[PDB]
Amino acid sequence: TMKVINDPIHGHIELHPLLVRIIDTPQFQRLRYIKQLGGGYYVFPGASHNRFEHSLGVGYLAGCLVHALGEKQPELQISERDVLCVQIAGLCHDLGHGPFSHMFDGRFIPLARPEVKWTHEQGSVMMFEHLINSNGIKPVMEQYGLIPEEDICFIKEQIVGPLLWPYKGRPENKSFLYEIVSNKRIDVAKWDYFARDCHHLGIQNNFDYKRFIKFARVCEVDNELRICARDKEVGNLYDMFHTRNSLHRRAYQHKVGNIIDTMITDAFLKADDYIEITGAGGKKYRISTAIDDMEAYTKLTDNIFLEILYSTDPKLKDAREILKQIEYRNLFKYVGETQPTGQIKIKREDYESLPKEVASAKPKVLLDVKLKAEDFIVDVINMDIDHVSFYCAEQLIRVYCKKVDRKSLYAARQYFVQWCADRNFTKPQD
């Protein structure tokens, strides 16, 4: 006797009582107010979904994979305690996302605070412990057969990775369990958001996850235990990689969608000094420092968009006038694309310095109106098959300009070509 939540992707999702008492907290329900695809909704109107229902799907998928593993191979000693912590890990892996998901830690906090190293996964670890303490979950955890001190750290390890054996939460015989929720070397997170995102985007999904689950086993490579699929399933995995490619080309890397993300990020930056969120002890925080106090971060969601847009505050009129140009669909303009040469990749610490480098370049022929750094938006688009074990351009740089007259736009495209020449990046096309 356990609770059921109806889901359009997975149908009925049965929830162990302990999962229910993690979901029914303000820290988890927070995910109802953060859109999964960020500003992609302003391009795909079917993409209204938030991290909340996605994380229900990931928790469900995680639990159905290891319970299927434990029933096909009982020799692997998979307690139902192990299933409860894998389910909790999938449920909370996204707890640390901020407004508009990957826009927040992928762009905004790099540009507002290049010094800090911040990821949503660290956010999830912090928010997970804030969730556990504020709602008295540690007693409820042992009541359902979990050992909190070792099992909370097991949960945290599944979300954020390691600190021979780097993991303290599970022994090395249960190594396979760490490949389920987030495998950073195919995980149940991409299973859900591949199906969910195409459902809302109108893209077809030819990956069948339930057919991957039923024929999946744990095999041995390296003397290490891994999750492995049948030779009969390579056609399915060719499909998994194809829809991942179409989701990226068509949605995640959409040209208009990515510009709008950087427009929202611009409005946050110009609002960052004047917006206050009350955290612990009345301490007031800002959008960029809310990540330092979880009580404030809990109230940092996509709501900050509408609060800026609905504001009367005169100090917020630069930010408010950017969000208002999104409604009028007068956006930054697409100058061009380029990719870093070799395996070299740009780093978040240097994002802020990118528009100043482009303005400093000297093009071949002079034009009267000259551009400064603030006329440029430099957009760094990162994406992140034979590592799959059976048995029987990763970075894009796009440049936009906030000037939309034809003479500014030509000039902007001659500071982009020179910048590429200077850094020896691939030459832009048309």
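Numbers follow the displayed sequence, beginning with 1.
- According to the entry, the deposited sequence places 4 to 9 unmodelled residues between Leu163 and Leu164.
- Gap between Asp368 and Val369: none; every deposited residue in this span has coordinates.
- Here 218 to 226 and 67 to 75 are compared by their mean Cα B-factor, and 218 to 226 comes out higher.
- For the pair 252 to 260 and 111 to 119, the mean Cα B-factor is higher in 111 to 119.
- The PDB entry assigns the greatest CA B-factor among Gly202, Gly145, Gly90, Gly136 to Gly145.
- Highest CA B-factor among the listed residues (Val43, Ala393, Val378, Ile34): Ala393.
- Sort the chain's modelled residues by C-alpha temperature factor and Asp197 lands in the lowest third, per the entry.
- Looking at the C-alpha B-factors along this chain, the one for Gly282 belongs to the highest third.
- Among the modelled residues of its chain, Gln29 has a C-alpha B-factor that falls in the lowest third, as given in the PDB entry.
- In this PDB entry, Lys174 carries a Cα temperature factor that places it within the highest third of its chain's modelled residues.
- Annotation for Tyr167: C-alpha temperature factor in the highest third relative to the rest of the modelled chain, per the entry.
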